[PDB]
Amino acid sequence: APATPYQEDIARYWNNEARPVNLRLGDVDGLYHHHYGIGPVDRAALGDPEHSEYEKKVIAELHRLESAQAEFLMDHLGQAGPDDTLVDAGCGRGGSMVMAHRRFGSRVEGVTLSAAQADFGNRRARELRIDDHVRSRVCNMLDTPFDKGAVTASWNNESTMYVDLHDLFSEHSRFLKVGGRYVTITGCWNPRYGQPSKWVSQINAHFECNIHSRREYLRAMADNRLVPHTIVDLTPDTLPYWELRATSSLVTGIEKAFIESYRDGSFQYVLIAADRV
């Protein structure tokens, strides 16, 4: 039962989504991601752009960068093991959850507003025989069933732009144990630019989302017991992914808004990793 009209819009959006730039990339190795990539492009793997198999090599390379982005996120989760619970807040089709369970062996709990996504991820988990440890549910991430202090680490990978940040961080702070760890990778508008540019607004309109400024991320963390220990401006790191993607037949039309706003300083891609204290 949707918490607000807006969250009903978001459930409907993701229930309806199935773009090739997501499913064909996930098909490469069965890790289905809904986030962007980081790191240098492997031009050797790509080979000659004129080759018959170029588009398939581009697909494998873009997917490799999107998985690299998740790995980088998890490098900031600290240590976790089989007796711990990890929470993926706004978990998509569950590729990050699969990777986390492989990396840490923990119980991994995902929440999403989309029944089609939860169903997809739970089917994937059963296929991989890790469904006793990895579970998606349809649940608003601002109001979860996890007990106070029960969670060792948690994250939002490109899902914070659908909620009020004070409410989101109050919720993670509630369920994270003292000394637990939080990470987010997000696109935030740059308060140095001053307000959201036209490009940022085009991205909001495209995804029905609400990009926050970097100032708001840090303010909401400070107000909710979450203290950053690492912040990385990944903007230069994600541009190669976007410039490569822009050459792909699977483009969605938002590539220019990301590239141009990254280049002009109005928009930035950032990792913030924090302790719950």
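The numbering used is simple: start at 1 and walk along the sequence shown.
According to the PDB record, 77-85 carries the higher mean C-alpha B-factor of the two stretches 197-205 and 77-85.
Mean CA temperature factor is higher for 123-131 when stretches 89-97 and 123-131 are set side by side in the entry. Note on the listed residues 181, 172, 166, 148: the highest Cα temperature factor in the record is that of 148.
Residue-level inspection of the entry shows that, of 226, 44, 218, 231, 44 has the top Cα B-factor. Ranked by C-alpha B-factor against the other modelled residues of its chain, residue 261 falls in the middle third.
Among the modelled residues of the chain, residue 143 sits in the highest third by CA temperature factor in this PDB entry. The PDB entry assigns residue 245 a C-alpha temperature factor belonging to the highest third of its chain's modelled residues. In the deposited entry, the Cα temperature factor of residue 23 places it in the highest third of its chain's modelled residues. Ranked against the other modelled residues of its chain, the C-alpha B-factor of residue 56 as given in the entry falls in the highest third.
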